[PDB]
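>>> Got an experimental structure here, sequence first:
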Amino acid sequence: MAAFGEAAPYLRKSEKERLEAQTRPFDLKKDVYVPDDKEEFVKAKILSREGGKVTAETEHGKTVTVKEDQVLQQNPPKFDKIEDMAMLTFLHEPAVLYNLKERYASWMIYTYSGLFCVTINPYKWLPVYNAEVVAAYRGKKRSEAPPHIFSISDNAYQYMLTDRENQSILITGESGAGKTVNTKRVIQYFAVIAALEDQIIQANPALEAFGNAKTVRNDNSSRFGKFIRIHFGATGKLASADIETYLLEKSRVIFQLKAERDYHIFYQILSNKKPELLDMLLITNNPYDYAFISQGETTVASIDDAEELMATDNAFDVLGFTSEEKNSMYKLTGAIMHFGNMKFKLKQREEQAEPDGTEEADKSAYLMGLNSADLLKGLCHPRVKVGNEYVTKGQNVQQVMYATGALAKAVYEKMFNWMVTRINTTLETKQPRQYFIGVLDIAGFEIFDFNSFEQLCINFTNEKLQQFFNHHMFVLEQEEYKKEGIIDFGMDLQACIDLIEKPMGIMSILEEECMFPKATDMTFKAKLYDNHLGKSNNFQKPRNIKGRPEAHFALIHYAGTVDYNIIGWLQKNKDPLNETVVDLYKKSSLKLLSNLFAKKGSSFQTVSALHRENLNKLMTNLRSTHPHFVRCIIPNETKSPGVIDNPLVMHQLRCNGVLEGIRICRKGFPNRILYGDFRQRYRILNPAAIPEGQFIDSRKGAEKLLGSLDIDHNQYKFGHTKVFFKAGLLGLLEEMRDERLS
């Protein structure tokens, strides 16, 4: 209830709408949720029952009969527009969809979903998210207060003060869904409860240009992860902040799908916004011309390349660095551009690929600062150290193309991590930094028609994050159930990670598949079918519906059956770091001298391997903290009023992992009702001859109730402070109460 503190009347939701919503006529014995084909879930009344086929009639109008297995049970109106979706007793997937769109009808932005804080995105002015309601959530807990990320930010600040532990906040959401507004909203609150906002808001647009590419859904789709630690003092005083970004996608730099784009910086220099870079970097003004920028899409609607450069020259004109590095970063990007155009023609009667067309790598060697001939000799003949004395190997045209892609993706990710440290030099102030309450952002677990290894690099990452959620829910639910005296849920996800992380798993089979002499992608699919078809329950053959182009294997993740396309994984998996060219990178007079300054994988380290190590390092960074999840979704394509398209919310219900934490709590008892709360409301179900009165102790006052409800012992579990019930009983507490209220 959001009175007492000057907040908006919808966030109250009491004495005007809730007390009349707890009595509206919705006969659940004749009202169900029917599955639509377009909305996919919508409320319907039923005229009469027939058994398996029920004659449904929805609010939009169809008199057809629908199978009983297709329709689902409908939530009561007393739990319609439910506040905490763990308190609801009929917790279907339309129990989040329909409740989210009708809480959107009252424009309830935030919503408790158990540990999740689900956030729809309407667009208006918000009186609630400013100072006088910071006064209405300072110290206010989860249960009594209405939903708010200043409330869970003050819970993270609360256990930050009390538990003496690094608290963390893992925002899951995509760009364009107000994600910059979401992160600004998170970091706005810590300065208020303190007694570098403009550096975060200034630091973001160049970050958006170096690391936020285009997937099919999002025209500024996130690829990497953010991790903004707002460092504190000893007793909760805001000290500083640092960022350390994870999982910048290498294959995104090199290999671009035609419905996808690269990172924006190359397109900015290809834009004619600044001509001095075009004279400076020897660029032919054309994205179609370059081999890196022609495998994908040149440009799409709703984005402008000169606006992207307008972001980067604003962030580059003023920040902590000097003016020469503004030239240097562009030197490295246009230095990446001239790599791939080199032919590397095979010698006659040999295998060693000699560049004879040496005009474009000459332009590269002018752009970097490397020598012209030494770069070509180093790419052509990599010299390695054996025992004491160096020997050279040859190469063929294929391995030198993987070298000239691998050095580019490596120098781009190390340049971007370097830039994260350079922004970190600005963002860090000399206050004593202790016990961060840092907030991570990451790309969403995204399911396209072209799930590739790029998509696997998103999917297994968010898979492991969801694995941290399942254990983290299980320890808390275990804590309340051991307080009350009443298989792990992470195992429900573990098998999929068992299919992906463990050796003789799909990432491992993809890694070792490269090592063979003549192993193509068809041989790789033949090997996956050899090792896992029927051997593991997750792995299954891909059904193709509705004319997908091609699907090669399917993994039933927590979002369900997700196909994949093998073709081209062996080319994009490789990262052979050519060592002598890294030596020439050290020798060149540029930033790179500072950038690129039992062994493992000198010639065979793959994108899957560094994904595995960076994800494990993010995990051991995250297992040392304490999470507080935030979800954030876009309404539809238009920044719009209430025209929310239910396929998008039903898809991001499963892609954010919200429906998982919805269904994990259902396997225990989610119906968490207090004894006197069971007597003030549901003693009406089957009372004695005397009304309530408060003359029996509420544990025995509910034992008097359950001793006459005709409910068996296996349905409920009795405790000490509360009593719990299985999902599917607090609608049974009203079907006979409406017989009492008939």
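Cool, the structure landed. Numbers count the residues shown, from 1 in each chain.
>>> Distance-wise, check residue 392 relative to residue 385.
Distance of residue 392 to residue 385, computed by C-beta to C-beta, to the nearest Å: 11 Å. To be clear about C-beta, it is placed using only N, CA and C from the backbone, and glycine gets the same treatment.
>>> Between those two, which has more neighbouring residues?
A direct count of neighbours by other C-beta atoms under 10 Å for residue 392 and residue 385 places residue 392 higher, at 13 against 10.
>>> What residues does that one make contact with?
Residue 392 is in contact with 381-384, counting by C-beta atoms under 8 Å, 6 or more residues apart in numbering.
>>> Could you measure from it over to residue 345?
Counting by C-beta to C-beta, the gap from residue 392 to residue 345 is 19 Å.
>>> mind listing the helices in the stretch 351-500 of the chain by residue range?
Here the stretch 351-500 of the chain has its helices, by DSSP state H, counting those that start in this stretch, at 360-368, 372-380, 397-427, 453-484, 491-500.
>>> Those helices into CSV, with extra columns for mean neighbour count?
Listed next are these as CSV, based on neighbours: other C-beta atoms under 10 Å:
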stretch, mean neighbour count
helix 360-368, 20
helix 372-380, 19
helix 397-427, 20
helix 453-484, 19
helix 491-500, 18
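>>> closest to residue 694 out of these?
Counting by C-beta to C-beta, residue 694 lies closest to helix 453-484 out of the helices of the stretch 351-500 of the chain; the figure is 22.2 Å.
>>> what's the angle from that closest one to helix 491-500?
Here the directions of helix 453-484 and helix 491-500 differ by 150 degrees (axes from the mean of the first three to the mean of the last three C-alpha atoms, to 10 degrees).
>>> Contacts only, for the residue nearest to the spatial centre of the chain.
With distances taken as C-alpha atoms, centre = their mean, the residue of the chain nearest its centroid is residue 444 (3.1 Å). Going by C-beta under 8 Å, 6+ apart, residue 444 touches 172-174, 222, 458, 462, 652, 655-656.
>>> Distance of it relative to residue 258?
Counting by C-beta to C-beta, the gap from residue 444 to residue 258 is 22 Å.
>>> Run through who's touching stretch 75-82.
With contact meaning C-beta under 8 Å, 6+ apart, stretch 75-82 is reached by 13, 18, 21-26, 28, 87-90, 92, 95, 98-99, 102-103, 106, 108, 730-731, 734.
>>> again, only this time at 7 Å
When contacts are defined by C-beta atoms under 7 Å, 6 or more residues apart in numbering, stretch 75-82 is touched by residues 21-22, 24, 26, 28, 88, 90, 95, 99, 102-103, 106, 731, 734.
>>> and stretch 68-80, which residues are buried?
For stretch 68-80, burial by neighbour count (16 or more other C-beta atoms under 10 Å) applies to 71-72, 74-80.
>>> With stretch 697-716 instead?
Neighbour counts over stretch 697-716 (16+ other C-beta under 10 Å) mark 698-699, 701-702, 704-706, 709, 716 as buried.
>>> Show me the residues you listed that map onto helices.
698-699, 701-702, 704-706 (DSSP state H).
>>> need the contact list for residue 585.
Going by C-beta under 7 Å, 6+ apart, residue 585 touches 592, 596.
>>> so it, which of the three states?
Assigned state for residue 585: helix (three-state reduction, DSSP: H, G, I helix; E, B strand; the rest coil).
>>> How much space separates the nearest residue to residue 492 once chain neighbours are set aside from residue 613?
The shortest distance from residue 492 to any non-neighbouring residue, by C-beta to C-beta, 6 or more residues apart in numbering, is to residue 470 (6.6 Å). As judged by C-beta to C-beta, residue 470 and residue 613 stand 23 Å apart.
>>> so can I have CSV of the helices of the stretch 351-500 of the chain showing distance to residue 242?
What follows is the helices of the stretch 351-500 of the chain, written out as CSV (distance: least, C-beta to C-beta, whole Å):
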stretch, distance to residue 242
helix 360-368, 30
helix 372-380, 35
helix 397-427, 5
helix 453-484, 21
helix 491-500, 29
